[PDB]
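Structure data follow from work_33.txt (compact mmCIF, C-alpha atoms and all ligand atoms):
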```
# COMPACT_ATOMS: atom_id res chain seq x y z
CA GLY A 12 2.65 -89.15 -41.51
CA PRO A 13 5.59 -87.19 -39.91
CA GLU A 14 3.47 -85.21 -37.29
CA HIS A 15 2.15 -88.61 -35.89
CA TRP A 16 5.49 -90.56 -35.90
CA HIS A 17 5.92 -89.92 -32.10
CA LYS A 18 2.87 -92.29 -31.59
CA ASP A 19 4.32 -95.62 -32.89
CA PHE A 20 8.04 -94.43 -32.66
CA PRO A 21 8.75 -92.35 -29.52
CA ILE A 22 12.52 -92.05 -30.35
CA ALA A 23 10.99 -89.26 -32.57
CA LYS A 24 11.05 -86.76 -29.58
CA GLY A 25 14.69 -87.89 -28.94
CA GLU A 26 17.78 -85.73 -28.24
CA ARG A 27 19.56 -86.65 -31.63
CA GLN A 28 16.85 -86.64 -34.38
CA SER A 29 17.51 -85.74 -38.10
CA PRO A 30 17.37 -83.77 -40.37
CA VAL A 31 18.58 -80.39 -38.94
CA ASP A 32 18.98 -76.82 -40.28
CA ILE A 33 22.69 -75.83 -40.78
CA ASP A 34 23.05 -72.16 -39.68
CA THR A 35 26.60 -71.60 -41.08
CA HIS A 36 27.54 -68.88 -38.44
CA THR A 37 27.43 -71.40 -35.48
CA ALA A 38 28.74 -74.37 -37.58
CA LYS A 39 32.37 -73.92 -36.40
CA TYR A 40 35.19 -75.32 -38.66
CA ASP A 41 36.90 -78.31 -36.91
CA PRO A 42 40.42 -79.01 -38.29
CA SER A 43 40.82 -82.40 -36.46
CA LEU A 44 38.38 -83.76 -39.12
CA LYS A 45 40.64 -85.90 -41.42
CA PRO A 46 39.53 -85.66 -45.10
CA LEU A 47 36.91 -87.86 -46.77
CA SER A 48 38.05 -91.13 -48.49
CA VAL A 49 35.61 -92.97 -50.88
CA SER A 50 36.70 -96.30 -52.49
CA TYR A 51 33.75 -97.16 -54.82
CA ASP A 52 35.80 -98.55 -57.75
CA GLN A 53 34.31 -102.08 -57.09
CA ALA A 54 30.82 -100.99 -55.93
CA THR A 55 28.40 -103.81 -57.01
CA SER A 56 24.74 -102.61 -57.39
CA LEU A 57 22.17 -105.44 -57.34
CA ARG A 58 18.56 -104.08 -57.48
CA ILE A 59 16.58 -100.80 -57.74
CA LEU A 60 13.26 -101.01 -55.85
CA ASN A 61 10.35 -98.59 -55.09
CA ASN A 62 9.49 -99.43 -51.42
CA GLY A 63 6.38 -97.12 -51.45
CA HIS A 64 8.22 -94.30 -49.55
CA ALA A 65 11.03 -93.52 -52.09
CA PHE A 66 13.27 -95.72 -54.37
CA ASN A 67 16.42 -97.54 -53.09
CA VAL A 68 19.34 -98.84 -55.20
CA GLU A 69 20.65 -101.91 -53.19
CA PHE A 70 24.44 -102.82 -53.12
CA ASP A 71 26.63 -105.89 -52.25
CA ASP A 72 28.03 -105.19 -48.71
CA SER A 73 29.45 -108.79 -48.43
CA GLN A 74 33.06 -107.41 -48.32
CA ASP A 75 34.87 -103.98 -48.49
CA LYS A 76 34.01 -103.49 -52.25
CA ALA A 77 32.67 -99.90 -51.67
CA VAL A 78 33.75 -98.18 -48.46
CA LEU A 79 33.82 -94.78 -46.78
CA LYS A 80 36.74 -93.86 -44.41
CA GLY A 81 38.17 -90.59 -43.00
CA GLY A 82 36.06 -87.51 -42.32
CA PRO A 83 34.78 -87.76 -38.74
CA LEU A 84 34.50 -91.60 -38.82
CA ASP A 85 36.50 -94.32 -36.85
CA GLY A 86 36.91 -97.29 -39.25
CA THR A 87 35.42 -98.56 -42.58
CA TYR A 88 31.74 -98.06 -43.54
CA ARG A 89 30.23 -100.27 -46.30
CA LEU A 90 27.83 -98.84 -48.95
CA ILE A 91 24.51 -100.77 -48.57
CA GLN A 92 22.09 -98.51 -50.51
CA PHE A 93 21.15 -95.04 -51.69
CA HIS A 94 17.73 -93.41 -52.19
CA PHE A 95 16.33 -89.88 -52.75
CA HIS A 96 13.90 -87.42 -51.11
CA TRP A 97 12.20 -84.82 -53.46
CA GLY A 98 9.28 -82.31 -53.54
CA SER A 99 6.26 -81.02 -55.60
CA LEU A 100 7.48 -77.42 -56.23
CA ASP A 101 11.35 -77.30 -56.28
CA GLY A 102 12.14 -74.70 -53.50
CA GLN A 103 11.19 -77.59 -51.14
CA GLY A 104 12.16 -81.33 -51.24
CA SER A 105 15.51 -81.75 -49.39
CA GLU A 106 15.63 -83.27 -45.83
CA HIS A 107 18.50 -80.98 -44.58
CA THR A 108 18.54 -77.12 -45.01
CA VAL A 109 21.32 -74.41 -45.09
CA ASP A 110 20.40 -71.12 -43.27
CA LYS A 111 16.78 -72.42 -43.84
CA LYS A 112 17.53 -72.62 -47.65
CA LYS A 113 16.09 -75.82 -49.31
CA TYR A 114 17.21 -77.76 -52.47
CA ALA A 115 14.89 -79.58 -55.00
CA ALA A 116 16.09 -82.90 -53.55
CA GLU A 117 18.62 -84.73 -51.32
CA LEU A 118 20.46 -87.94 -52.21
CA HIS A 119 21.50 -90.17 -49.25
CA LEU A 120 24.32 -92.74 -49.70
CA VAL A 121 23.90 -95.09 -46.65
CA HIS A 122 26.95 -97.00 -45.12
CA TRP A 123 27.31 -99.25 -42.01
CA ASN A 124 30.34 -99.62 -39.65
CA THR A 125 32.14 -103.08 -40.12
CA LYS A 126 33.11 -102.94 -36.38
CA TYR A 127 29.55 -104.40 -35.89
CA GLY A 128 29.41 -107.23 -38.46
CA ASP A 129 26.15 -106.35 -40.26
CA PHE A 130 23.61 -103.51 -40.82
CA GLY A 131 21.24 -105.18 -38.27
CA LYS A 132 23.78 -104.94 -35.45
CA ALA A 133 25.17 -101.53 -36.69
CA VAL A 134 21.72 -99.81 -36.52
CA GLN A 135 21.66 -100.63 -32.81
CA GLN A 136 24.75 -98.40 -32.10
CA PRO A 137 25.40 -94.61 -32.10
CA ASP A 138 28.43 -95.06 -34.46
CA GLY A 139 26.46 -97.67 -36.50
CA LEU A 140 25.71 -95.89 -39.86
CA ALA A 141 27.47 -93.07 -41.78
CA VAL A 142 25.08 -91.39 -44.34
CA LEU A 143 26.68 -89.27 -47.05
CA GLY A 144 24.15 -86.42 -47.78
CA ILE A 145 24.24 -84.73 -51.27
CA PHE A 146 21.92 -81.86 -52.43
CA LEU A 147 20.30 -81.55 -55.92
CA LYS A 148 19.99 -78.08 -57.57
CA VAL A 149 18.17 -78.18 -60.96
CA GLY A 150 20.51 -76.90 -63.74
CA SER A 151 23.03 -78.64 -66.12
CA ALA A 152 22.25 -82.40 -66.73
CA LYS A 153 23.71 -85.32 -64.67
CA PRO A 154 25.10 -88.26 -66.74
CA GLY A 155 25.77 -90.14 -63.45
CA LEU A 156 22.03 -89.81 -62.63
CA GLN A 157 20.85 -90.57 -66.24
CA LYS A 158 21.34 -94.40 -65.91
CA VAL A 159 18.75 -94.26 -62.98
CA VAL A 160 15.88 -91.98 -64.19
CA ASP A 161 15.86 -94.16 -67.38
CA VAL A 162 14.46 -97.30 -65.61
CA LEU A 163 12.13 -95.40 -63.13
CA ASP A 164 9.00 -96.58 -65.09
CA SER A 165 9.89 -100.35 -64.86
CA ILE A 166 9.18 -99.65 -61.10
CA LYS A 167 6.07 -97.30 -61.34
CA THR A 168 4.31 -98.43 -58.09
CA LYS A 169 4.97 -99.59 -54.43
CA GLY A 170 6.59 -103.10 -54.27
CA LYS A 171 7.82 -103.44 -57.92
CA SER A 172 11.65 -104.02 -58.29
CA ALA A 173 14.26 -104.72 -61.09
CA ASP A 174 17.80 -106.04 -61.78
CA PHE A 175 20.15 -102.97 -61.74
CA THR A 176 23.92 -103.77 -62.10
CA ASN A 177 27.23 -101.90 -62.82
CA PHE A 178 25.80 -98.60 -61.52
CA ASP A 179 28.80 -96.37 -60.53
CA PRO A 180 27.81 -94.26 -57.48
CA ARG A 181 30.85 -91.91 -58.01
CA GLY A 182 28.73 -90.31 -60.81
CA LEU A 183 26.62 -88.78 -57.97
CA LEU A 184 29.55 -86.93 -56.23
CA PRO A 185 30.26 -83.21 -56.75
CA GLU A 186 33.76 -81.85 -57.59
CA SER A 187 34.10 -80.58 -53.90
CA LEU A 188 33.74 -83.07 -50.96
CA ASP A 189 33.66 -80.22 -48.35
CA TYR A 190 31.14 -81.23 -45.68
CA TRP A 191 29.34 -80.39 -42.41
CA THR A 192 28.93 -83.38 -39.98
CA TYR A 193 26.70 -83.97 -36.89
CA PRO A 194 25.40 -86.95 -34.90
CA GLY A 195 21.76 -87.77 -35.79
CA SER A 196 19.14 -90.37 -36.85
CA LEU A 197 17.34 -92.02 -39.77
CA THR A 198 15.05 -89.31 -41.19
CA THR A 199 12.33 -92.04 -41.70
CA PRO A 200 10.94 -94.61 -39.18
CA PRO A 201 12.37 -96.36 -37.26
CA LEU A 202 14.12 -92.95 -36.70
CA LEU A 203 17.04 -94.81 -34.84
CA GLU A 204 19.72 -92.43 -33.52
CA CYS A 205 22.56 -94.45 -35.14
CA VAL A 206 24.00 -92.05 -37.74
CA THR A 207 27.07 -89.86 -38.23
CA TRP A 208 25.71 -87.48 -40.92
CA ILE A 209 28.09 -86.16 -43.60
CA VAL A 210 26.27 -83.33 -45.50
CA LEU A 211 28.28 -81.88 -48.52
CA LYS A 212 28.32 -78.00 -49.16
CA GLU A 213 28.36 -78.44 -52.97
CA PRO A 214 25.13 -79.72 -54.59
CA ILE A 215 25.13 -81.75 -57.85
CA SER A 216 22.99 -80.65 -60.89
CA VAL A 217 19.92 -82.47 -62.38
CA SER A 218 17.95 -81.40 -65.53
CA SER A 219 14.18 -80.50 -65.39
CA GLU A 220 13.76 -83.57 -67.75
CA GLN A 221 15.21 -85.67 -64.81
CA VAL A 222 13.15 -84.32 -61.80
CA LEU A 223 9.81 -84.72 -63.78
CA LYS A 224 10.67 -88.42 -64.68
CA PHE A 225 11.24 -88.92 -60.85
CA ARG A 226 7.43 -88.28 -60.25
CA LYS A 227 5.73 -89.67 -63.43
CA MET A 240 5.24 -89.66 -54.75
CA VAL A 241 6.16 -86.00 -53.78
CA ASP A 242 7.25 -83.93 -50.67
CA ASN A 243 8.68 -87.24 -49.11
CA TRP A 244 11.08 -85.59 -46.54
CA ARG A 245 10.80 -84.35 -42.85
CA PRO A 246 10.90 -80.87 -41.15
CA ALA A 247 14.05 -79.37 -39.50
CA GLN A 248 14.44 -81.09 -36.11
CA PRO A 249 15.58 -79.44 -32.87
CA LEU A 250 19.44 -79.28 -32.72
CA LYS A 251 19.27 -79.69 -28.85
CA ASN A 252 22.80 -80.07 -27.26
CA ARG A 253 24.52 -81.06 -30.59
CA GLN A 254 27.39 -79.16 -32.33
CA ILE A 255 27.63 -79.23 -36.16
CA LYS A 256 31.38 -79.38 -37.16
CA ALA A 257 32.64 -78.30 -40.62
CA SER A 258 35.59 -79.65 -42.68
CA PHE A 259 36.28 -76.21 -44.32
CA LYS A 260 37.94 -72.94 -43.11
ZN ZN B 1 17.23 -90.68 -46.92
```
Would you kindly transcribe this structure into structure tokens?
Ligand SMILES: [Zn+2]
Amino acid sequence: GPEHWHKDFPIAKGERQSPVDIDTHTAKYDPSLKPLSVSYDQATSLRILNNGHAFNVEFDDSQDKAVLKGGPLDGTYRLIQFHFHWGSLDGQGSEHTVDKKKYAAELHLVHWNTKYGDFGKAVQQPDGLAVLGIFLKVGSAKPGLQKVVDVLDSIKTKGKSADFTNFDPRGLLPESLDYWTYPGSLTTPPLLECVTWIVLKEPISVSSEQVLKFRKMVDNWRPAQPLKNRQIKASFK
């Protein structure tokens, strides 16, 4: 596991690895950051599948039917999938941290830069993927989330999948798209340094009834990585 990733994947000791802690004092507000555009009105989900590390909802990236522009990014990024990381106890579970503070879970909406013509060729570049990072606090319910948790048992174990259509990812957004952003990597192997992270300040809510159905596979995240030379910029003053 994570301590012995550097064996098979030596990018793991790299100068741009993710996730990172976000000490808010140093995270200086950049006003050249345009604001965050999200066109998901024609997002076409295909499958939900437990891959024996987490569960991924797959999307149709055949054309610009669900795209991410603005923020720090040059061009159009296509939604390809989203998946979660989550813990055992609930004061642990998120990949990223804020002043060392940790959420129950983190939701990662993954997009790839159409400059490069598919995910395969995108993952090979520094500006290849843009990953939209959203925290989960446990609290008020999430109707957006409810359509997911429902079907979690028709994929109990590693390898099982399902049809999963007309899922609307905009149900997973918070009311504030204020964000920190830094250059980083996949949090899981192959840990490729091909990612412009977009971590949102505002978490969403999920009910206790929702986090328990997500286990009935725990602590499936990765420790804070060294920030090295990198600046974290912030969209909010
Ligand atoms: Zn992830």
Determine the nearest neighbour of residue 13 (chain A) from the options A:247, A:183, A:142, A:121, counting all atoms listed in the file. A:247
Protein, DNA and RNA residues within 8 Å of (7.1, -86.7, -55.4), only C-alpha atoms, as number ranges by chain: A: 97-99, 225-226, 240-243
Residues contacting ligand ZN 1 (chain B) - anything with an atom at most 7 Å away, using all atoms listed in the file - can you give me those as a list in words?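 Using all atoms listed in the file, I find these residues within 7 Å of ligand ZN 1 (chain B): residues 94, 95, 96, 118, 119 and 198 of chain A.
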Surrounding residues of residue 101 (chain A) excluding itself and chain neighbours under 6 positions, 12 Å, all atoms listed in the file, as a PyMOL selection string: chain A and resi 112-117+147-150+217+219+222-223+241-242
Go through A:65, A:196, A:88, A:19 and flag the residue nearest residue 129 (chain A), using all atoms listed in the file for the distances. A:88
